[PDB]
Amino acid sequence: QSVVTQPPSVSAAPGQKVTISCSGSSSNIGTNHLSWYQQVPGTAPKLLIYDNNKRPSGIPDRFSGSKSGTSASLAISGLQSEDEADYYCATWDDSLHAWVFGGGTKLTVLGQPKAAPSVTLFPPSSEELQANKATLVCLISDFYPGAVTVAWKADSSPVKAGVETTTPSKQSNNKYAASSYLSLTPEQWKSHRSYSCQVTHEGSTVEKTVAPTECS
Amino acid sequence: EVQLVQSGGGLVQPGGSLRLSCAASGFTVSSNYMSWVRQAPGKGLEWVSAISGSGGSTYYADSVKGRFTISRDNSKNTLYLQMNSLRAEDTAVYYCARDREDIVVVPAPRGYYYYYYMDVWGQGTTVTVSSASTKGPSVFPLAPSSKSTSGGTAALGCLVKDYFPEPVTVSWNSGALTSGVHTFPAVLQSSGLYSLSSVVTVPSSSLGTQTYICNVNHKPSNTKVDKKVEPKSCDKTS
Amino acid sequence: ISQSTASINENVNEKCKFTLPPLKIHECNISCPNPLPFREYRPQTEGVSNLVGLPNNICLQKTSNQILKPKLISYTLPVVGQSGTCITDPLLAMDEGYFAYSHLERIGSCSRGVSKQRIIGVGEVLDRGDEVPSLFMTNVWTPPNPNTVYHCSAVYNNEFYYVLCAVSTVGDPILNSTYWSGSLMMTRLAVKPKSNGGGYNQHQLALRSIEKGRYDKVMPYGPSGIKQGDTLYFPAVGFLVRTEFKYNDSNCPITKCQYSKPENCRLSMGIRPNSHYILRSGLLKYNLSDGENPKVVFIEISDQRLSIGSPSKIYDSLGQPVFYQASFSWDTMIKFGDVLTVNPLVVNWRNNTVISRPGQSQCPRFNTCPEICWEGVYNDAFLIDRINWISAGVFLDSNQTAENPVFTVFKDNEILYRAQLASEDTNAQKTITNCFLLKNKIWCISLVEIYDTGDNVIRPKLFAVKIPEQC
Amino acid sequence: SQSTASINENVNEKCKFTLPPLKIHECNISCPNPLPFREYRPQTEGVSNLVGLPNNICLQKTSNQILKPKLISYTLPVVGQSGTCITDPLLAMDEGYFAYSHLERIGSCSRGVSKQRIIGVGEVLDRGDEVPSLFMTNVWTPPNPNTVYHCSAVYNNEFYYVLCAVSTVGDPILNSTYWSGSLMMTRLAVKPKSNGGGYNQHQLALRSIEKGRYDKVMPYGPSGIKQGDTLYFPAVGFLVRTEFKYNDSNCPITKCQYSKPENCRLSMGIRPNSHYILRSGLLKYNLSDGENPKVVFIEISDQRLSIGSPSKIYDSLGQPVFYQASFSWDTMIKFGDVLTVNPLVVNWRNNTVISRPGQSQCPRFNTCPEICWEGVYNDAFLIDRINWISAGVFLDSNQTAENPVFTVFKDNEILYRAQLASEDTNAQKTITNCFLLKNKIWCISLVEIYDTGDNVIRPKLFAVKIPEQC
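Chains as they are written, first to last, in the deposited numbering: chain D, 1 to 216; chain C, 1 to 238; chain B, 131 to 601; chain A, 132 to 601.
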């Protein structure tokens, strides 16, 4: 289909201004008007802008839309804590006869004391290999805000097969927290020299490397 | 007031069928278009299908054409969605929402304006296309590493892998200290299973002095596996 | 002696021989008991005929008397039925008592509903016993892909309507004109169809050769055209590349307007000021006796009062063709007049001050100043007099909103009498007026797109209006 | 010499003198197909027969103009040639279909040259603005229009059974002795297919005819009924006059002074020395009889007996209502419930308000025996059975056939009226067939309106919604 593109993740301080662009073809955005949807995770999507600049009844004025040519925009000024969500531009394609949603903009406002990223690493023991499975465990928490990225290097080769990185999750300290798991075999565990949990949070990159000589 | 309510979501085996419903409140679905939007966990919104306000037009996304069937009952005031031949990529939360279209006639060669939006969204129920069990977890202790044992705080934990379904009960010392316990969210494996860990930030001086017991319990399958969480250093076979 | 006798024999043999075509019982004077009046036997004085000759005297004063009494005859076309259909792009040609009609039929919403049908239907205009010239659609064509047939246009010629349309796999080929192929289809439809015709009833004429000249793409554009003998004149538009639109910029009537520029009427010859193509109107020539597969020749319109190629209508009224061109740019006064010459096309555009079309904010109604806009509607006018030069059509009486369709009757400098066809806030967009003669009365059938606010669909409503004779 | 005058005589005999004579009834007239293709309709809904749910009408006697008769689209909309007249109309509606037949006649209307007989059936659809009109789907034309006289029609089971009388002696009423008694039945499908001419239009030969006691039977009247598999056309039977039993004590001559008590017996033939007597009735036609189904005549019961005039049995609100035209001294409208079909006893209503126009012998509002054969067919469809309210188009002049007024009436009361034309507008034969469209009582009513000075002669259809509110 015509996958209308957005910035996947932009971030700004509270009170600041951010503008969320929305670029696609001429058959869908150039011909037909566009509509905006914020979507807090775990919550129904919410209508923000339609007709590229109007609002439904009950939206504050700090959500501003635009459309220029085959591209559109969502300006968000004066960030608050509940404006941190995913922002979806949606329009109808007269060619595909379909709704076309945007790729999603994870707007990362602040709103809580910025949390330094904390990264921790604990390996599987003798027991997991005996069961025929080896699973890496990396635990990341105490970080504000969210939108964390955990990369994986086994001898500096980027490994993303078998990596399952969770979402940043609200804890009892209301911080962001995510876990990652690399499902492997004991053979692929002992076939390498090192395993690194490279955790990048908005540029804050932490790489913790253990050896395959330790069992928990 | 004006609200859509889903029903009929839940766990389904792959290739099968599940019919979702959309209880409509505050209006009539005969006058407006209605649409289904899904979202897999980890992706953005994806449109699925649309039924026409009065008329019989059924639109489908190009990946779901010929597998899903949208219909409605005007007497019941309920949008349906007959999903058939369910692939595992249909594992999502399906949102029924109306597509309220606003058209004015404008003195122009384009004739009419037609900005066009979805406003009233349903709660959205979960379609889970997977296998099924009542599997008790595979309990493993999680002992600190070399950059986690001789530090300032000790992140003592316990691995909860290979269980289904949710939830799971994990306490420490039969609940004698529940403080600081990072109960991680369950992640969807490539086995149709959830898997988590549960780590606690105790001091490193408390290692070998205070007994911390990750008491795992699974209440539906009567599964409890109590593991002694101890500090491991490097297993050296030399 | 005997030779003169034989000459008498031969002359009797030559003169008193009755080798004759068969008698016609209706032509001859027939005298049956308790008779009916014979009054006059003339063809096309019994049904619906064109405006030709000397019709009945229409009312000529300007009056405040509601004298136009329109009759909704919309049931005579397939515009009714289920209300989940939005009915778009109508068309209404009328020659000699036969019509053509064509709409696109979409299921659901007007904008994105699934395209059901492009019915291209011809028929007969007649009085169907209800004392009102109604339509009677018999022969109906529907193409195998109604999303590719755009901008049809229709001409009647010898028991067929010929309908020329544009085959566009890239949407409305004005709007995506740089990627259009220019391919056209000619549908020939019998107005009195034979049972078991096969090639007589509905035929497809393959147009493999277009004469454009300096234009890159031409397209039929507007409802109805004319025939002149064996030659069809489809109203049309030329797609001229803007860099080749040679046009001296000082020609623009920038005086009497402080806000125009010497660029404007050069710029607004395209749909947007940097349009790759410029829409110049014209005709398409289809001379039937060119041979097997006659070619289509574009005739560019002359540069007098030149504006953007809008949907055009050449129609034969009272002996001489009248060309109409809608005002899809700044010259918002109505742009129509008698055709001086057809090839090359030169129209004596009427100096019309009173009839204008509504457009949106940039070039509204009653605007003369050269602005850049692609704005306005096809509101048609038909010629119903030449001694006084009266015309009639349906026009949307509002400055900037596409509403209030009013059938009105006007000179070049005066509106005589009106009839609003609906409520003042009735959204209406494209009106097509054709007039004709029914027992030497000037009846005008006025198709009007109307947007029903309840059903949220667009639906053509026909208004057979008799042009009244007194006041 | 001699050969000179021989050639001269032979040439002047033969090279001159084109053929005078006119065979009328012998030369089949071929005209083009008057409706080759059905009018394009956008799959609009049909109508249903007037049965069941009492959808409310005005039943008060209102003087207000509450009827709105839409002059609607004619049955066969072609362009009329000048001087051409259209006569002998038939309009039979049952179960959302009509049948239609007219004679297209060059010259005059009464005695002119007849150029074609239309016999056509179709659908009574909604025309589009919630008004019904007749959309012709099938039309048959006889090879000779000068033979086919007095058709009748009955809907049954995706066909419309049109029974006609094949004459070669002119009007088999008027040349009844010399009339051969042959009939024909034309089966016209109402959903005509592409191929399959036997399915589309079928001509049913009637070589077994149970006249019973009668000498010649023919269909006579527009519209009949079905009952299951059995068609019951209206008819008239020609019985030899001296065979007709009629005690002159049963001629209602009390409260009169100018009725001889044999007038009832005399007037049942055309003229009171006619060879035949016209007895109204039905023609049974059981379709389940075989490949040669016989046509049983069913004589009408001998109560209030008049000359067999063209009549109409119709099924309105469950029970069949028979209408018989008043071509006799008995001029009041003579219609009512069919108590039993075979034998045919009909409870006639005691109407004191509806009649027909006839000549000076038997005018409008005549209940006294005079010898006459005059009057017009103005039927009445039953619209409300509970109050016995009926509706039809009745001419509203005493001695002349003019002013066609749509009327809704009871047995003692005309409720509310509607002129269909001006007061001096001549009209003859009106065929009202009320029915249900969207549970509204609509009455598509043909009227043979004659416009004198102009306006090439056709009948004028009139869809009339019976008003719900007074």
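We put the CB at the ideal spot given by N, CA and C, even for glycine.
Item	Value
So what does DSSP say about D:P186, is it helix, strand or coil?	helix
Going by the beta-carbon positions, is the gap between D:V163 and D:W152 smaller than 8 Å?	yes
Would you kindly report the start and end of the unbroken beta strand (DSSP E) that includes B:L319?	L314 to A320
Keeping to the same chain, check which residues put their C-beta closer than 7 Å to that of B:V262; ignore five residues upstream and five downstream.	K201, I203 and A594
Which class does A:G328 belong to by DSSP, given the choice of helix, strand or coil?	helix
Can you list the residues of chain G that B:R242 reaches, using a CB-CB cut of under 8 Å?	Of the protein chains in this structure, namely D, C, B and A, none is chain G.
Determine, using beta carbons only, whether D:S71 and D:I20 come nearer to each other than 8 Å.	no
For a test of the three-state rule: what should DSSP assign to A:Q559, helix, strand or coil?	strand
Out of A:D420, A:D302 and A:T373, which has the shortest C-alpha to C-alpha gap to A:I340?	A:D420
In this structure, how does DSSP classify A:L166 when only helix, strand and coil are distinguished?	coil
State yes or no: is the beta carbon of B:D260 nearer than 8 Å to at least one beta carbon in chain A?	yes
Answer with buried or exposed for B:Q434, where buried requires no fewer than 16 other C-beta atoms within 10 angstroms of its C-beta.	exposed
Using only CA atoms, which one of C:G66, C:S63 and C:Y33 lies nearest to C:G55?	C:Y33
Answer yes or no: do B:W460 and B:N394 have a C-beta to C-beta separation smaller than 8 Å?	yes
Please determine if the region 155–172 of chain B and the region 221–238 of chain B are in contact, where contact requires at least 3 C-beta pairs separated by less than 8 Å.	no
Determine the direct distance from the alpha carbon of A:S194 to that of A:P598, and round the result to whole angstroms.	13 Å
What are the residues in the region 20–39 of chain D lying within 8 Å of chain C by C-beta distance?	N32, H33, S35, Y37 and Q39
With distances taken between CB atoms, is the gap from B:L448 to B:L181 smaller than 8 Å?	yes
Using C-beta distances below 8 Å, list every residue in its chain close to A:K192, excluding the 5 sequence neighbours before and after it, in chain order.	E544, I545, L546 and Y547
Return the CA-CA distance between B:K541 and B:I520, expressed in angstroms with no decimal places.	5 Å
Determine whether the beta carbon atoms of B:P220 and A:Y171 lie at a separation below 8 Å.	no
Could you name the residues that DSSP lists as bridge partners for C:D102?	C:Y115
Here's the rule I'm using: 16 or more other beta-carbon atoms within 10 Å means buried, otherwise exposed. How should A:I155 be labelled?	exposed
Less than 8 Å between the beta carbons of B:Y407 and B:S307, yes or no?	yes
Express the C-alpha separation of C:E230 and residue 290 of chain C in angstroms, rounding to a whole number.	Nothing can be reported for residue 290 of chain C, as the shown portion of chain C is limited to 1 through 238.
Can you find the residues in the same chain that come closer than 7 Å, C-beta to C-beta, to C:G53, ignoring five residues on each side of it along the sequence?	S30, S31, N32 and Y33
Just tell me which of D:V148, D:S183 and D:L96 has its CA closest to the CA of D:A134.	D:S183
Since B:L362 and B:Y291 should fall inside the 8 Å C-beta cutoff, what is the C-beta to C-beta distance between them, to a whole number of angstroms?	Their Cβ separation, rounded to whole angstroms, is 10 Å, which puts B:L362 and B:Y291 out of contact at 8 Å.
What are the boundary residues of the beta strand (DSSP E) that B:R396 is part of?	Premise fails: B:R396 lies in the alpha helix (DSSP H), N394 to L397, not in any beta strand (DSSP E).
Which first and last residues belong to the alpha helix (DSSP H) in which B:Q133 is found?	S132 to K145
Where DSSP assigns a beta bridge to D:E84, which residues make up the other side?	Per DSSP, none; premise fails for D:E84.
Specify, as a first and last residue, the run of the beta strand (DSSP E) that C:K147 falls within.	Where C:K147 is concerned, there is no enclosing beta strand (DSSP E), although the alpha helix (DSSP H) it sits in stretches over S146 to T149.
My assumption, with CB atoms under 8 Å, is that B:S576 sits in contact with B:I502. Please give the rounded CB distance.	Their Cβ separation, rounded to whole angstroms, is 31 Å, which puts B:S576 and B:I502 out of contact at 8 Å.
Using 8 Å as the threshold, is the C-beta distance between C:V120 and C:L4 below it?	yes
Just confirm the distance between the C-beta atoms of A:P494 and A:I384, as a whole number of angstroms; I'd bet it's less than 8 Å.	Contact doesn't hold; Cβ gap of about 18 Å is too wide.
Which runs of the beta strand (DSSP E), 3 residues or longer, sit entirely within the region 342–371 of chain A?	347–350, 356–358 and 361–371
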